[PDB]
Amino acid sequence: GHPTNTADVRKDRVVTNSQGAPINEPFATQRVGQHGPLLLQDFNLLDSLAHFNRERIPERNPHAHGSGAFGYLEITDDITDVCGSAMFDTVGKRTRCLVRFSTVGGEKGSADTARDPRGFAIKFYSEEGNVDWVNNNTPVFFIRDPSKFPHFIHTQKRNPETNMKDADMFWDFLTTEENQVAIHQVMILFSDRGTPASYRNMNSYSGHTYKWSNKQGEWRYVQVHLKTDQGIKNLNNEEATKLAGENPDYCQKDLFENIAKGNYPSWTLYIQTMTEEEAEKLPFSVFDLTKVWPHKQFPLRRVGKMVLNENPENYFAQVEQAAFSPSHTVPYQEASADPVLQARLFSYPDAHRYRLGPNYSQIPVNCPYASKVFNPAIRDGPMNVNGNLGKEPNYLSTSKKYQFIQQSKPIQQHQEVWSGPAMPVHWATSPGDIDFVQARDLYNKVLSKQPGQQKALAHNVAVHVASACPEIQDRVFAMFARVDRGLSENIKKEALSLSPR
């Protein structure tokens, strides 16, 4: 097996304690005589019980519930005019990758078929380091101010007094006028793509703009699109609810079983690109996470194919302990000034250090096995397991040699020129229609081409908001009316039948 996905099991099958001493009876415990009280000196018992007390680590916040598989990305098209990263430098080049799929709001034991965005995070083990594309299955998101993220997530989870989901706080936050820029993602969430039929039947999107540069120093704004080679397939609200009770692990079973039998799912990787000149002529901001780039003006360009063909050997070791961050990147790939993206560069490594520990990059699944770590000044820390570079100095000693490559490759100094004071900005919902037009285009130009999808959207909102108090229901109705008056009336009618006044 691969070093990122293997184990070592004694071939003699001799059972031992945690110090390698053999156990001569699996279950006998020491006491006085046959039935006296237990003796403190029973090391083997306390060893087992104490480790059992420490099996659990803190769940992710959010995206606690999820599934993973290994695979590779194959390059099928030459895009070196856009991006100089090694993983792209040769048509036919394969890079190993790890994917973790997840829901968002649910805790570890929640159901696969809950309504939620799904995470679709990808770790590529390249020769220039491990690069993570920490993506969802939607090209947009609920917010464009990162300070709102904890608030939003709190309202998607449990009430702090009652410990239950709460439609009142769910929609209270979404209808606050400064927050209504979430309406694009809300439409997507309550369409039937909020309950995918399996992880094999969904897409992955960068969501944010990134900046990709070539080896000549030209660069572009980039959007990433991973389209499923299995086709889009969705559940309806009632199929999702029924499966939740009858099989909370439906999507994990689908993924694992299809890989185990050889029905490996695949995706086609495309990108959108945009020049700095094109970006300034836009009627919206390339830094706005709630906006998409229209396909007609910015067509998709093919790059390669991703295949998942390898199940994890141990879920905890390879999936639960997997760590992804957007700030894990490679030369020639950078983040844009999207403020949500900027905040994620800090948040994820900080989360990993708490959830997994300071030396989490030494966990095999997280190791950059194709670009070994060598930093003299990153040393020690609990559970340092790889030798801590031995007697290497912990500073840049003039008695030693150190190679700093790509000294002439700019990072971001060749890109935008910023100007202004240090300025606090609350990017509240803009006036006029700009923050609603893409929601209307989704309804009028996309869902209309799908039989019955406009109605399913209304039904999916109605049954959810029907739990909210009347004044909140009314705010929800008014917000959707800004998108389409008929959509608003369909929600109102169904919602009111389920909750009369």
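Numbers for residues come from their place in the sequence shown, where the first is 1.
**Student:** Which is higher on mean Cα B factor in this entry, 24-32 or 440-448?
**Tutor:** On average, C-alpha B-factors are higher across 440-448.
**Student:** Taking the mean of the C-alpha B-factors per stretch from the entry, tell me the winner out of 385-393 and 173-181.
**Tutor:** Higher of the two, by average CA B-factor, is 173-181.
**Student:** So among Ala244, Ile363, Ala279, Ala377, who wins on Cα B-factor in the entry?
**Tutor:** Top of the list by C-alpha B-factor: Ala279.
**Student:** From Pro331, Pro368, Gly207, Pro326, which pick has the Cα B-factor that tops the rest in the entry?
**Tutor:** When the deposited C-alpha B-factors of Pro331, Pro368, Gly207, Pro326 are compared, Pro331 is largest.
**Student:** What third of its chain's C-alpha B-factors does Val15 belong to: lowest, middle or highest?
**Tutor:** Its C-alpha B-factor belongs to the lowest third of this chain's values.
**Student:** Quick check on the deposited entry: does the C-alpha B-factor of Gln321 sit in the lowest, middle or highest third of its chain?
**Tutor:** Its C-alpha B-factor belongs to the middle third of this chain's values.
**Student:** So where's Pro299 on the chain's Cα temperature factor ranking, which third?
**Tutor:** Highest third - that is where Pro299 ends up once the chain's C-alpha B-factors are sorted.
**Student:** Once the chain's modelled residues are ordered by C-alpha B factor and cut into thirds, is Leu269 in the lowest, middle or highest one?
**Tutor:** As the PDB entry reports it, the C-alpha B-factor of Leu269 lands in the middle third of its chain.
**Student:** Among all modelled residues of this chain, ranked by Cα B factor, put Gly231 in the bottom, middle or top third, i.e. lowest, middle or highest.
**Tutor:** Highest third of the chain for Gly231's C-alpha B-factor.
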